[PDB]
Amino acid sequence: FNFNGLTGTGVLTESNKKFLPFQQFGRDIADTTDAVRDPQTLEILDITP
Amino acid sequence: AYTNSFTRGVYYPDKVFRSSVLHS
């Protein structure tokens, strides 16, 4: 995938989080990106190895 | 006059979503 220039690999899945309007990505304790907001439909997904 | 601020004055540092963690 390549989401707004951010590249990687994994499995996309529906998510049940509510990003604030000023947020785009979401990290964890390991500091890797776990969720992303689709830049077209504006839905939130979950990235899994 | 003077007053005491107890724990006021905190804002979001970055624009990244986090949940169920403790950040420094």
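Per the deposited record, cryo-EM is how this structure was determined, to a resolution of 3.03 Å.

Notes on the side chain of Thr33(A)
All names here are of chain A. Mapped onto the fold, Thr33 is located in strand β5 (residues 33-37). Residue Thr33 is classed as buried on the basis of its relative accessible area of 19%. Excluding anything up to four places from it in sequence, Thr33 contacts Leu6, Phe25, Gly26, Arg27 and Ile47.

Focus on the interface of chain B and chain A
Each partner contributes to the interface: chain B provides five residues, whereas chain A provides nine residues. On the chain B side of the contact with chain A, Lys15(B), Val16(B) and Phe17(B) bury the most area, a combined 69% of that side's loss. The interface formed by chain B and chain A includes zero salt bridges. On the surface where chain B and chain A come into contact, there are two residue pairs in polar contact. Tallied by class, residues from the side of chain B that touches chain A come to two nonpolar, no polar and three charged.

Describing the pattern of salt bridges
A complete count under the given rule lists two salt bridges over all chains for this structure. Between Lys17(A) and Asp46(A) there is a salt bridge, with its nearest N and O atoms 3.3 Å apart. Of this pair, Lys17(A) sits in the loop between β3 (11-14) and β4 (25-27) while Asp46(A) sits in strand β6 (residues 44-48); the two residues are 29 residues apart in sequence, bridging distant segments of the chain. Residues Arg18(B) and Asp14(B) are paired through a salt bridge, measuring 3.9 Å at the closest nitrogen-oxygen approach. On the basis of relative accessibility, which here comes to 48%, the residue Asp14(B) falls in the partly exposed class.

Concerning a nonpolar patch on the surface
Residues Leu20(A), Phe22(A) and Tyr12(B) make up a contiguous nonpolar surface patch of roughly 330 Å² in combined accessible area. With respect to the helices, strands and loops of the structure, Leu20(A) is situated in the loop between β3 and β4.

About the criteria used
Residues numbered from 1 in each chain as written, not as in the entry; some residues may be left out. Chains lettered and ligands numbered in written order. Part of a larger assembly, values for the part shown. Heavy atoms only, no water. Helix = DSSP H or I, 4+ residues; strand = E, 2+ residues; numbered from the N terminus. Buried < 20%, exposed > 50% of the residue type's maximum accessible area, 1.4 Å probe, protein only. Contact = heavy atoms within 4.5 Å. Buried area = accessible area lost by both parts, 1.4 Å probe. Salt bridge = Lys/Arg side-chain N within 4 Å of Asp/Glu carboxyl O. Polar contact = N/O pair within 3.5 Å; in protein donor to acceptor, adjacent residues only side chain to side chain. Nonpolar A, V, L, I, M, F, W, Y, C, P; charged D, E, K, R; others polar. Patch = residues over 30% accessible without salt bridge, like charges linked within 9 Å, V, L, I, M, F, W, Y side chains within 5 Å. Areas by Shrake-Rupley, 256 points an atom, 1.4 Å probe, with all protein chains shown as cover.

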